[PDB]
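This report refers to the structure that appears directly beneath it.
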Amino acid sequence: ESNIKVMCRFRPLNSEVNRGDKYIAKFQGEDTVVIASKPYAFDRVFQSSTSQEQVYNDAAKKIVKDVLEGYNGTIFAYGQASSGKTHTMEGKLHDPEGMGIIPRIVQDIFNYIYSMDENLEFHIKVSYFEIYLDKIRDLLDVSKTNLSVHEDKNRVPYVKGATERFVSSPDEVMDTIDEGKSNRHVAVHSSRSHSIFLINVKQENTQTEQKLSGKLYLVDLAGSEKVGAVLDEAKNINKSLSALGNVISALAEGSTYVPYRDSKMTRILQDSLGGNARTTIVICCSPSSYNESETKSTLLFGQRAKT
């Protein structure tokens, strides 16, 4: 019903072994992981050996194909520091085996476009903003610090004043990602804000003249903090995570009312999370004994989306 799939990735272990740490995690097949004799069931659990490409294949690929066919979708990344969130989501820029989910999404989009030359015409608009201290901040125009979410006549959400930049190649998309990353709020390199990257795929069919439109959101979630300006960061981070969790949970349990309005991120993502929309949540975990509570913390958060 809900269309949310939660997938958990554990990374290989070192470099770190010199500390003295154990593996702490056992896998009952490919969808369940056991820690401290407690079982956590998911839709897929990627073990240490799982390649970048099959993470993309199982987590994101069908979502991309759906957006190229007119649907909306969302992929979330969630993880405590050094869990492998960045390796999973971005990976190694121009190494194909190699690269993480976001570069593979972009390559599939453009290969499809190239393979569909004349018969389909495309316009890809990308936007990039972060939820920092409950404020919507544009990562492509530092002057736009405090933007708002609204709904149109059809109850379709949009962020007012957000930069939309036209892109025509994979490099142009990646250039845009790097520009936004430069302005993203970091501390201690923890992300202190949640960042949302939007690819809007607009197409028109040359034979039939009919139009299609699809929105793919890539959300990098800041991890929950247990702790001045860094305190306001923690309470906002945590409150917005609980708002997401409430939505995500109401959809998973089939609630007829879903509390999208209780936070800005979920208002933005209302046309792309729940309903017809396709969603994958990738939670990244360290296997080390040193981080067992963090992992167990991440795992519980992932559990909220699990029917």
Side-chain angles (χ1 to χ4, degrees), residues 74-91 99-106 109 124-134 136-150 157-185 187 190-201 215-224 228-230 232-238 240-241 243-244 263-269 272 282 284:
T74 306
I75 291 140
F76 288 97
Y78 184 89
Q80 227 60 230
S82 90
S83 57
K85 193 168 77 185
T86 303
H87 175 78
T88 290
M89 286 313 276
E90 311 191 7
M99 55 185 170
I101 282 169
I102 296 159
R104 297 180 176 259
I105 286 171
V106 173
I109 293 180
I124 298 80
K125 283 187 288 174
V126 304
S127 288
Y128 200 16
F129 39 81
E130 64 169 10
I131 283 86
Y132 180 68
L133 299 182
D134 202 24
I136 312 166
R137 177 167 184 282
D138 194 323
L139 297 181
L140 302 176
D141 187 352
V142 287
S143 72
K144 302 175 174 274
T145 48
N146 186 353
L147 301 176
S148 53
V149 196
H150 305 280
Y158 65 96
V159 181
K160 212 245 183 296
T163 300
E164 297 175 285
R165 203 172 279 171
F166 289 102
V167 299
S168 287
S169 53
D171 288 340
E172 294 179 2
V173 187
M174 296 306 155
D175 288 333
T176 310
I177 286 166
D178 285 350
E179 176 189 336
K181 269 162 66 194
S182 61
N183 306 313
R184 200 205 179 160
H185 273 95
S190 70
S191 303
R192 308 276 74 196
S193 72
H194 308 297
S195 67
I196 308 175
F197 186 77
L198 174 59
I199 307 167
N200 201 241
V201 189
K215 290 146 80 181
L216 179 52
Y217 288 100
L218 304 162
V219 187
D220 182 88
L221 294 172
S224 53
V230 165
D232 288 308
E233 278 167 0
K235 310 171 158 175
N236 270 295
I237 279 169
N238 291 327
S240 53
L241 285 176
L244 181 59
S263 78
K264 282 173 189 182
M265 168 172 283
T266 56
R267 275 171 56 69
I268 291 160
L269 296 186
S272 306
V282 188
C284 303

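These numbers come from the heavy atoms of this one structure, side chains and all, not from hydrogens, waters or symmetry mates. The chain is numbered in sequence order, starting from 1.
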For [Y], is there any backbone N or O sitting under 3.5 Å from a side-chain donor or acceptor partner on [X]?
| X | Y | answer |
| --- | --- | --- |
| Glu172 | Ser168 | yes |
| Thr74 | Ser272 | yes |
| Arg104 | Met99 | yes |

Indicate the ring-plane relationship of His185 and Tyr132, choosing parallel, tilted or perpendicular according to the 30° and 60° boundaries.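 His185 and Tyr132: parallel rings.
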Can you tell if the side chain of [X] reaches within under 4.5 Å of the side chain of [Y], non-hydrogen atoms only?
| X | Y | answer |
| --- | --- | --- |
| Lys85 | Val282 | no |
| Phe129 | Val159 | yes |
| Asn183 | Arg137 | yes |
| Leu269 | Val219 | yes |
| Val126 | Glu164 | no |
| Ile131 | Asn236 | no |
| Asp220 | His194 | no |
| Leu221 | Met265 | yes |

Which atom pair, heavy atoms only, marks the closest approach of [X] to [Y]?
| X | Y | answer |
| --- | --- | --- |
| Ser263 | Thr266 | OG-OG1, 2.8 Å |
| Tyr217 | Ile196 | CD2-CG2, 3.5 Å |
| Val106 | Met174 | CG2-CE, 3.6 Å |

Without hydrogens or angle criteria, can the side chains of [X] and [Y] be said to hold a donor-acceptor pair below 3.5 Å?
| X | Y | result |
| --- | --- | --- |
| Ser143 | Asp141 | yes |
| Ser191 | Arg184 | yes |
| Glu130 | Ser195 | no |

Nearest-0.5 Å distance, [atom1] of residue [X] to [atom2] of residue [Y]:
| X | Y | atom1 | atom2 | value |
| --- | --- | --- | --- | --- |
| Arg267 | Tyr158 | CZ | OH | 10.0 Å |
| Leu216 | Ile199 | CG | CD1 | 5.0 Å |
| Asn200 | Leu198 | CG | CG | 5.5 Å |
| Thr163 | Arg165 | OG1 | CZ | 6.5 Å |
| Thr86 | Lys181 | OG1 | NZ | 8.0 Å |
| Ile102 | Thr88 | CD1 | OG1 | 10.0 Å |

Stepwise side chain to side chain donor-acceptor pair (under 3.5 Å) test for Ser224 and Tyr78: CA-CA 9 Å; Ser224 53; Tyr78 184 89; 3.1 Å; yes
Worked verdict on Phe76 versus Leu218 for side chain to side chain contact (heavy atoms under 4.5 Å, CB included): CA-CA 6 Å; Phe76 288 97; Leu218 304 162; over 6 Å; no
Between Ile75 and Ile105, is the side chain to side chain contact (heavy atoms under 4.5 Å, CB included) condition met? List the steps. CA-CA 11 Å; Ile75 291 140; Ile105 286 171; 3.8 Å; yes
Applying side chain to side chain contact (heavy atoms under 4.5 Å, CB included), run through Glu233 and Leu133 and close with a yes or a no. CA-CA 6 Å; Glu233 278 167 0; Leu133 299 182; 3.9 Å; yes
